[PDB]
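Note sheet for the following structure.
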Amino acid sequence: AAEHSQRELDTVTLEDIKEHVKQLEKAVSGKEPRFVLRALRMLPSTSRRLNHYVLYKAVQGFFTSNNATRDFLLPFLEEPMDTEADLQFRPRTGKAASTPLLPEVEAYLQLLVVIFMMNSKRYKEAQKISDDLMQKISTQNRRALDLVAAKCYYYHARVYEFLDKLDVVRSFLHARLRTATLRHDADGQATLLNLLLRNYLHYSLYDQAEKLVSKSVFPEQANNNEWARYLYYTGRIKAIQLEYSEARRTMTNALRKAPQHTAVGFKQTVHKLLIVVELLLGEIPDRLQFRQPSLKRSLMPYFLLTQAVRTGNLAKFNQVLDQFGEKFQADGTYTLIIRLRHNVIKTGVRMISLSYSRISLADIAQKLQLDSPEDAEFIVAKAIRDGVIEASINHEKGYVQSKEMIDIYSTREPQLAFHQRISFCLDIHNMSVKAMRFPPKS
Amino acid sequence: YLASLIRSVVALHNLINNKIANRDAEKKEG
Amino acid sequence: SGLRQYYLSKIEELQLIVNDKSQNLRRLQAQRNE
Amino acid sequence: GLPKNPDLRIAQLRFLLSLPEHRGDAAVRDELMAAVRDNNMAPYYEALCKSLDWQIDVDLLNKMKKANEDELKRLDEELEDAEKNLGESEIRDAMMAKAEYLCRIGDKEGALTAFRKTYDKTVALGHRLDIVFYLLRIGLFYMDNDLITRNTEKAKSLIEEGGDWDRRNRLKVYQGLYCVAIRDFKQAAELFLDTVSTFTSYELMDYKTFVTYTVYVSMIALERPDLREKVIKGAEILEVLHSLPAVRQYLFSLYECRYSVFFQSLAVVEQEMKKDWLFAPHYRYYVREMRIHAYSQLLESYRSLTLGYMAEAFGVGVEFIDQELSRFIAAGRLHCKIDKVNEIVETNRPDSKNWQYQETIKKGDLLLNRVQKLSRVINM
Amino acid sequence: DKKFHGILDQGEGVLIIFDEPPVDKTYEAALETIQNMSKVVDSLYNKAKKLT
Amino acid sequence: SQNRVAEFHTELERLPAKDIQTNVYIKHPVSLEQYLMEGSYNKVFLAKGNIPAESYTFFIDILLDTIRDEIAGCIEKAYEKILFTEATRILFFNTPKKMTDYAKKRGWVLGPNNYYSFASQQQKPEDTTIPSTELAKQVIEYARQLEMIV
Amino acid sequence: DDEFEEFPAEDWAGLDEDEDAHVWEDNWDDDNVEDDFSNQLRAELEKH
């Protein structure tokens, strides 16, 4: 009974694909490369709803000319099971059928096929088709073709990562990134930089990742998703190194820029890293994020870790670490947690500084459960130099005195903040006025 | 700054309206 | 075959610039007509 | 003006028994057993034994099930007689009686289904609201949060469609009790104050208990001016409090800044709230918030203060006040800093201009984030 | 009760008396406008669904 | 020892997890780094005695010199007018005069005995000149963007 | 949409039922285990 529903679903999917290729052709004809992004938008939904009949009919109807790619593609696809009501979907008519299809359209269809092959647990042929597509893209040179090649790069890297051959694709990615940078392609630059950072971080080549980040300038006109990926990876690098403040800033920006509804796993990962880096810095993460339905069960070990850090107790911390030791390793924060396990006292010193305007070193030792006040003095001096606490020590009497709070308003800082925001708003208005189209003269 | 924010929101509103109009016109012509 | 890639690169850059300029000019012309 | 069904004192007694301290309360056990004996609650007795690991007095339960079956068959026969000939009215009353007895015996699901069928047949708005109130009271008795929320929304929709203001005020009291349950003390105090002069829901609690609850919620939700104009200067509240020396002392200690007496009153109120079933979940949050409120009230009129003076005012030691102030300043509640070398409590209340600038930065950053996201999404 | 604008300095046995413009009435209006325009941007978000 | 904690952790990340918690040769640098972060400099100053292999002895000395320098920097940035129960006691100098050469090397005023003001004032920059040309330029840019045809 | 397939969603192997699921406000200080402020005040009065 569901066969008829599947067939009508396939027909509507074919209509959607035809609309997509029409949009690509319109983009190429009108010299408006950004149009192809409209078709590329529905890539996840189309991948979800793809089927054998859909792919076979699409390729047959869209590869009348240049049948070499049909020869390379069809064998991977499965023949329809004795189809008798075939309508012989023929989108290209007469002159259109005779003429060779466009490079962007061929790339899009190849991309659909590789995505389907990947979704199915058959990665070898996915890699083969991907390599063929990449050869085609390298041979060609166009703008809309580059826009499609961005997603092609993403899925090529994905299939190789599934294969566990991420290292070999590194040189391929570097070469393509160089070509894109020479050709001034922001989308390709962003996608390739994100994929390269992922490659490095997979094998823990943090020095290489840092060098590439320092020497490459991320495109400003990049999609919010690419910005989120880049911010997350840079924050990961800075957190693995000792740049906790910058890591927290960048990763808050990444979580802010991530899509609101989807990207649940990315949100969980960024949230865990943010919790750990905040604990290292000595603050206390907000508790609202610990009860969201999506991020509820995942962050429980980190909830317990925050509990122990706040009520600093090495017994509880070690218990939590021993219990959830393996999950920290799986999620990629065990080393940072190990650092926290020894810099825990920083949080206590921060709370003491926040509460007390002037306290004795003996009292600080008593509150921090330390040994003789010499250790407390050394810890406080370390914190002051690190900038965690704005206080000055005075041993001629033997107390730590917190610095005064300066009147920020009388300073020029509000002027700078407001100027930044004014410039941002003016740029937004200018670009929103330039985005307008008046089409009747077409 | 508040005035500039108001200006930006108005510009966005105009862009959304223009895009709606163009999309509707293209659909009707098609 | 000789100095063809150089010419093609310069032409492609100029074509991108010209397309952008033409789009902007069409918007400006619409506003002027209004 | 409504039936005492389900009897919420039963829920109170069950909670008292569930509490580890009073699980051996012979008197409470006798009172609960007497109530269940009189009302013939076989499902509730079964559930209570299952939950408390109590021996089943099968001798009583036998006759009790006998009576329950007798009454149920009577009700079914009367319903059948009604539907045979009588048109409406009598049949609705029959279903109401059946469901009421089922609730009185304790069958949650049977009672809920009976009330749903009765509501489906009923068309009078008053009777519909009565059914919704019965369901809301069952949800309160069994702390069924989803049922409570759904029935509250249904009652609100009915009142919007049109209904008596008496039922409106009753719904206000019900909403207030639910708000106290889910720790929305601001709305609880608002509704209780609005209904202090229009209280007709004696089905849920006594008027003295209602005024005590209103006082408790008000002193945590209302600033000093509102507490002055509404609670302390409230004629009805004062009239009722005239018979409650403890609650009057608790309120007036805070109002008049007699802090030792206020701390004593909060100490007794903590035990009262912990024993009370509605407040028991939030019996520490309320105490902590009241302590923070008292400290902030004392500090609101002092640039500098001495820990010895604070300890004398609160009738405590210096170390206790030091711990409390440190904890609350760290949590960010009290605006002050503690100087220990010289025991001073210098106040650090923020400047309005600077607080406004920070708030503007934060809110404008959120708005600009959203505007940038919209601008980006417009083209992609 | 805000009868007079002043603060007590215990220990030193002093009473400080000052005059304060506690509020600007421009920052508050700006904040309210920011909230209202946040609502407007939410409505624009809803309206942009037609573009998709 | 060279004080490249960033590179230290970058390299520590490469090695497997079990080896950083098992191998006695990899566990000495980790312990020293952890103590340095904690600020318990005394622990390391007494733990110099224990060495997994004599090769580490060379680098322990440079680590101690660097830790002395870090203590000096922490004292300079923090604190105000010396003390810390005499500089020698906290700098772990056996002889009273051993710190004089390093005090001379650093820009320390050498006031009363074991009393070196750190001038944490940093000149206390209070002069303000109302930067006016730049603010005028910024407002003129605002006007240009408001008026120009986009 | 740009579903982040690279980052996997957390596995639902265990997926234990909610302990209490109370929805009031959470808040950090609730985690603290105090000692019956009434008893605290009694001890303070006793020790003066």
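The way I read the labels, and the way they are meant: chains A, B, ... in the order of the structure tokens, residue 1 as the first residue of every chain, and ligand 1 as the first ligand shown, with later ones counted on from there.
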
Closest contacts (chain A/chain G, max 6 Å, only C-alpha atoms) as a tab-separated table:
```
residue	atom	partner	partner_atom	distance
A:263	CA	G:4	CA	5.1
A:265	CA	G:9	CA	4.2
A:266	CA	G:7	CA	5.4
```

Take the residues that were just selected and, keeping C-alpha atoms, output them as a compact mmCIF listing (two decimals), in the first residue's frame.
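Result file part.txt:
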```
# COMPACT_ATOMS: atom_id res chain seq x y z
CA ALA A 263 22.75 21.38 15.56
CA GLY A 265 25.26 17.74 18.98
CA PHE A 266 27.34 20.80 18.16
```

Could you please tell me, as a PDB file with C-alpha atoms, in the first residue's frame, which residues of chain A have an atom within 9 Å of chain F when using only C-alpha atoms?
```pdb
ATOM      1  CA  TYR A 203      44.869  13.736  15.158  1.00  0.00           C
ATOM      2  CA  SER A 204      45.674  16.364  17.827  1.00  0.00           C
ATOM      3  CA  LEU A 205      48.053  18.425  15.656  1.00  0.00           C
ATOM      4  CA  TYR A 206      47.325  21.496  17.738  1.00  0.00           C
ATOM      5  CA  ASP A 207      50.542  23.298  16.799  1.00  0.00           C
ATOM      6  CA  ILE A 240      44.086  23.401  24.845  1.00  0.00           C
ATOM      7  CA  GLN A 241      46.717  26.106  24.972  1.00  0.00           C
ATOM      8  CA  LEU A 242      46.540  28.551  27.892  1.00  0.00           C
ATOM      9  CA  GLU A 243      44.256  31.254  26.496  1.00  0.00           C
ATOM     10  CA  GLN A 329      37.994  10.956  27.229  1.00  0.00           C
ATOM     11  CA  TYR A 334      39.868  14.845  30.085  1.00  0.00           C
ATOM     12  CA  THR A 335      43.143  16.788  29.981  1.00  0.00           C
ATOM     13  CA  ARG A 339      44.165  20.788  34.820  1.00  0.00           C
ATOM     14  CA  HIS A 342      44.745  21.133  40.398  1.00  0.00           C
ATOM     15  CA  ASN A 343      43.725  24.742  39.682  1.00  0.00           C
ATOM     16  CA  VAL A 344      40.447  24.331  41.608  1.00  0.00           C
ATOM     17  CA  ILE A 345      41.539  26.741  44.364  1.00  0.00           C
ATOM     18  CA  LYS A 346      41.374  29.614  41.865  1.00  0.00           C
ATOM     19  CA  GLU A 374      52.713  31.223  53.161  1.00  0.00           C
ATOM     20  CA  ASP A 375      51.005  28.946  50.637  1.00  0.00           C
ATOM     21  CA  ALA A 376      47.956  31.215  50.643  1.00  0.00           C
ATOM     22  CA  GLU A 377      50.176  34.234  50.019  1.00  0.00           C
ATOM     23  CA  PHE A 378      51.872  32.518  47.084  1.00  0.00           C
ATOM     24  CA  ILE A 379      48.519  31.473  45.610  1.00  0.00           C
ATOM     25  CA  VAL A 380      47.113  34.991  45.955  1.00  0.00           C
ATOM     26  CA  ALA A 381      50.204  36.496  44.337  1.00  0.00           C
ATOM     27  CA  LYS A 382      49.920  34.036  41.453  1.00  0.00           C
ATOM     28  CA  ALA A 383      46.265  34.966  40.975  1.00  0.00           C
ATOM     29  CA  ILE A 384      47.005  38.696  41.076  1.00  0.00           C
ATOM     30  CA  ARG A 385      49.743  38.359  38.461  1.00  0.00           C
ATOM     31  CA  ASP A 386      47.462  36.199  36.310  1.00  0.00           C
ATOM     32  CA  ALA A 391      43.973  43.070  44.688  1.00  0.00           C
ATOM     33  CA  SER A 392      47.259  44.100  46.287  1.00  0.00           C
ATOM     34  CA  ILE A 393      49.065  42.257  49.076  1.00  0.00           C
ATOM     35  CA  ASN A 394      50.618  44.058  52.043  1.00  0.00           C
ATOM     36  CA  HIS A 395      52.681  41.888  54.384  1.00  0.00           C
ATOM     37  CA  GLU A 396      53.925  44.747  56.570  1.00  0.00           C
ATOM     38  CA  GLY A 398      49.583  40.880  56.517  1.00  0.00           C
ATOM     39  CA  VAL A 400      45.155  41.475  50.944  1.00  0.00           C
ATOM     40  CA  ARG A 412      35.931  57.222  27.190  1.00  0.00           C
ATOM     41  CA  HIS A 419      30.905  53.939  18.247  1.00  0.00           C
ATOM     42  CA  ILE A 422      26.841  52.697  15.636  1.00  0.00           C
ATOM     43  CA  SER A 423      29.227  51.673  12.867  1.00  0.00           C
ATOM     44  CA  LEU A 426      25.157  51.887   9.763  1.00  0.00           C
ATOM     45  CA  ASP A 427      26.843  49.055   7.863  1.00  0.00           C
ATOM     46  CA  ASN A 430      23.827  50.229   3.931  1.00  0.00           C
ATOM     47  CA  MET A 431      24.006  46.534   3.052  1.00  0.00           C
ATOM     48  CA  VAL A 433      19.641  48.943   1.138  1.00  0.00           C
ATOM     49  CA  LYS A 434      22.099  47.511  -1.406  1.00  0.00           C
TER      50      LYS A 434
END
```

Note to self: Residues near residue 20 of chain C, anyone? I mean within 10 Å using only C-alpha atoms, not counting same-chain ones fewer than 4 positions away, as an MDAnalysis selection string.
What the structure shows: (chainID A and resid 31:32) or (chainID C and resid 15:16 24:25)

Any chance you could tabulate, as a tab-separated table, the residues of chain A at most 12 Å from chain E with each one's nearest atom pair and distance in Å to one decimal, using only C-alpha atoms, in chain and rising number order?
```
residue	atom	partner	partner_atom	distance
A:38	CA	E:52	CA	9.0
A:39	CA	E:52	CA	11.3
A:41	CA	E:52	CA	9.7
A:42	CA	E:52	CA	10.4
```

Checklist line | Among the residues D:225, D:1, D:315, D:87, the one that comes closest to chain E [using only C-alpha atoms] | finding: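 Closest to chain E of all the choices is D:225.
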